[PDB]
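Observations on chain architecture
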Amino acid sequence: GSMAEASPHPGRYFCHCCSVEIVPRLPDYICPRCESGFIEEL
Amino acid sequence: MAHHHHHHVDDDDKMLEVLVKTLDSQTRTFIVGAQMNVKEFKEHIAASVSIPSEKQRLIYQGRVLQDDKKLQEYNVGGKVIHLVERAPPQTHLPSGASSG
Ligand SMILES: [Zn+2]
């Protein structure tokens, strides 16, 4: 996006379970907030 | 098929056992091909998950899987996807007459 042109940086995920943005634990693609993998990369 | 008899096997690597969770309580399978739909697939699972393909968002490996591509692009044979519900895209989709 505006930050990192055409480069998907994984500091922006969204877990819909927390309804709050997260920075996941990639190895599993878990959410740091609840460890449910209902995170999509933004 | 019934009475096809033209190479009884064909899928082999194809034919996914599409596992898909909804929020936490559930986890349901949507067995299809590897590259069969995803598009029409989402349309099909819409009721089973109570999520219509238009709002419906398949997330696996944090990837936003949608009707735009094929299943094998996401390689979800035998893995549970994560379904979610977003905020209404009314600002994204003006004129809510056609399918609105
Ligand atoms: Zn969470």
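The paragraphs below set out a description of the structure included in this document. (Residues numbered from 1 in each chain as written, not as in the entry; some residues may be left out. Chains lettered and ligands numbered in written order. Heavy atoms only, no water.)

Residues B:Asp10, B:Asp11, B:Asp12 and B:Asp13 make up a contiguous surface patch of negative charge. Examined against the element boundaries, B:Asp12 turns out to sit in the segment before β1 (19–21). (Patch = residues over 30% accessible without salt bridge, like charges linked within 9 Å, V, L, I, M, F, W, Y side chains within 5 Å. Areas by Shrake-Rupley, 256 points an atom, 1.4 Å probe, with all protein chains shown as cover. Salt bridge = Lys/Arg side-chain N within 4 Å of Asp/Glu carboxyl O. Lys, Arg positive; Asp, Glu negative; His and termini not counted. Charge placed at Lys NZ, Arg CZ, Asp CG, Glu CD. Helix = DSSP H or I, 4+ residues; strand = E, 2+ residues; numbered from the N terminus.)

Applying the stated criterion across every chain yields a total of 5 salt bridges over all chains. Note that B:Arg57 and A:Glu40 form a salt bridge whose closest N and O atoms lie 2.6 Å from each other. Of this pair, B:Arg57 sits in strand β3 (residues 57–60) while A:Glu40 is found in strand β3 (residues 39–41), placing the two residues in two different chains. Under the relative-accessibility criterion, B:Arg57 is labelled partly exposed at 28%. Residue classification places A:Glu40 among the buried positions, given a relative accessible area of 2%. For A:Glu40, the salt bridge is made with B:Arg86, and the minimal N-O distance between the two is 3.0 Å. On the criterion of chain membership, the pair formed by A:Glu40 in strand β3 and B:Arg86 in the segment after β5 (80–84) is interchain, its members lying in two chains. (Buried < 20%, exposed > 50% of the residue type's maximum accessible area, 1.4 Å probe, protein only.)

Let us now look at the interface of chain B and chain A. Facing the 15 residues of chain B at the interface are 9 residues of chain A. Across the chain B/chain A interface, buried area totals approximately 1000 Å², and carbon plus sulfur atoms make up 58% of it. Counting the surface chain B buries against chain A, the share from its top three residues, B:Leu23, B:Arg63 and B:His82, is 38%. On the surface where chain B and chain A come into contact, there are 3 salt bridges. Broken down by secondary-structure element, the contributors of at least two residues to the side of chain B that touches chain A are β3, β4 (63–65) and β5 of chain B. Of the residues forming the side of chain B that touches chain A, the biggest block, 3 residues, is contributed by β5(B). Of the residues in the side of chain B that touches chain A, the class split is 5 nonpolar, 4 polar and 6 charged. (Contact = heavy atoms within 4.5 Å. Buried area = accessible area lost by both parts, 1.4 Å probe. Nonpolar A, V, L, I, M, F, W, Y, C, P; charged D, E, K, R; others polar.)

What follows concerns the environment of B:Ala87. Within the secondary structure layout, B:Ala87 lies in the segment after β5. It is 46 Å that separates the C-alpha atoms of B:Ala87 and B:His4, two residues lying 83 residues apart in sequence.

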